[PDB]
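Only one chain is given next, in structure tokens, and it is the form deposited in one PDB entry.
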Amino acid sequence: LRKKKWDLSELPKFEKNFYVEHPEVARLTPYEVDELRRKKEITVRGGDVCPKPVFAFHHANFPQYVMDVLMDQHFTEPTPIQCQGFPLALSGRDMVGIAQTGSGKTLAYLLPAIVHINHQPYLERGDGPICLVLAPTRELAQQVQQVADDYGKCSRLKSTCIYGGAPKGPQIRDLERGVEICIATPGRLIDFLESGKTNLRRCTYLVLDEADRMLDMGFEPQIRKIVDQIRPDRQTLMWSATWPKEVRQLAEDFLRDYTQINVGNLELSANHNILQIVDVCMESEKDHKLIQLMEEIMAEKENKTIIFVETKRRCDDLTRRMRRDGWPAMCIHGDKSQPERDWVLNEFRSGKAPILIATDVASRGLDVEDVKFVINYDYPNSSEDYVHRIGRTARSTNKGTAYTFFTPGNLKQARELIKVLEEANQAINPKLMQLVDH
């Protein structure tokens, strides 16, 4: 029932180009700019329009309450993706930002969202959000909403999370009383738009987080329905650690004259702070191998572990076998009630439960303090998924370890895996090589 709106732009009006270089940035010579990017491994796709990178938080002219939250976090320097992404976002250009897992992409798009909103007329009664952020999972949308909440406690900005499995009442109430920032999964937002609980008439700033996942074949049509409701002169910002060829052309259906920035290797790459370990075994030894791994992991104080499996059924079965065998393990997947999913992820965040067993519902975006191990019990569907899964550890500056159970049935992915491992200068299991050569 949702039809592509054709906006008549001749009526409304809104503010776009408000970024002004800080004096420490204005005085940067081209040499100094190239050295900044080179040192931070920032690449601006050749021929694109792009401001200079900043190298300090005060360069972005965030409001003071934002800075106070940054100082409460004791964040001392913006990450590479923030150094180049803050100014580009704040300048108003459509963009694609590609940077390794745990590199701070969330703030890279949330804080310019706040400045953006601050240069707009205030919301009136009945107005929809100015900034819309779209994410592939309910937990990820809730996490991003809590970030936006920490940086808006001392301002007039309100945000809300719009996602399924949760009661509609409080979400509808948030929407009708008015929020500047809306974080959403696609289904529940489509539902609310069709029934008129919210609308996208004031939406001028649109973020696709985990953008390559949102453009895959199951999400693309939902993304298209939502984005057909947004004025075509909106600013569009796509973010991910992975940007495979197959999505690139498609992304341009939702972008105008955009700029792409990459941090790190232009090819597919994991975060280099993860120790990557690959075990070649048969399917049938996976159970035994896991137990031995866990017995090692659980002999140390810092033991927080995510275990990834391919299906909801194996998620349940492995979890039950671990807990009957007796381990302190809990699971999260798409057939759990949303109350159970929230309870399990909160227990895992807070250190009450050291072992999470998950499907790919937990593979993207989740930022959980002190995850020290990631275990691919089942190899994932793609190299990209591999990179995101193991990026659940070694966030920000921390280190972490990834163990992968690789079987002859995974053989057609071995090559691509080897390429990720070599790109991260890892010691390659000779058994993996020898499996490929035969």
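From 1 onward, residues are counted along the sequence shown. Here the rigid core means the biggest group of C-alpha atoms that line up within 1.5 Å when the two forms are laid on top of each other.
The same protein has a further form, the form deposited in another entry, not shown here; the description that follows concerns it.
Student: Given a cut-off of 2 Å on Cα movement between the shown form and the other one, rigid core as reference, pick the single residue from 110, 203, 226, 329 that exceeds or meets it.
Tutor: The one that shifts is 329.
Student: Fitting the rigid core first, would the Cα of residue 57 be found 2 Å or more away between the shown form and the other one?
Tutor: The answer is no, as the C-alpha of residue 57 shifts between the shown form and the other one by less than 2 Å after core alignment.
Student: Verify the C-alpha shift of residue 401 between the shown form and the other one: is it 2 Å or more after superposing the core?
Tutor: Moves: yes, 2 Å or greater.
Student: Using the core for the fit, does the CA position of residue 293 change by 2 Å or more between the shown form and the other one?
Tutor: Yes, the C-alpha position differs by at least 2 Å between the shown form and the other one.
Student: Can you tell whether residue 397 sits closer to or farther from residue 262 in that other deposited form than it does here, judged by CA atoms, where the change is 3 Å or more?
Tutor: They are closer; the C-alpha distance drops by 3 Å or more in that other deposited form.
Student: Are residue 372 and residue 262 closer or farther apart at the Cα level in that other deposited form than shown, by 3 Å or more?
Tutor: So the answer is closer.
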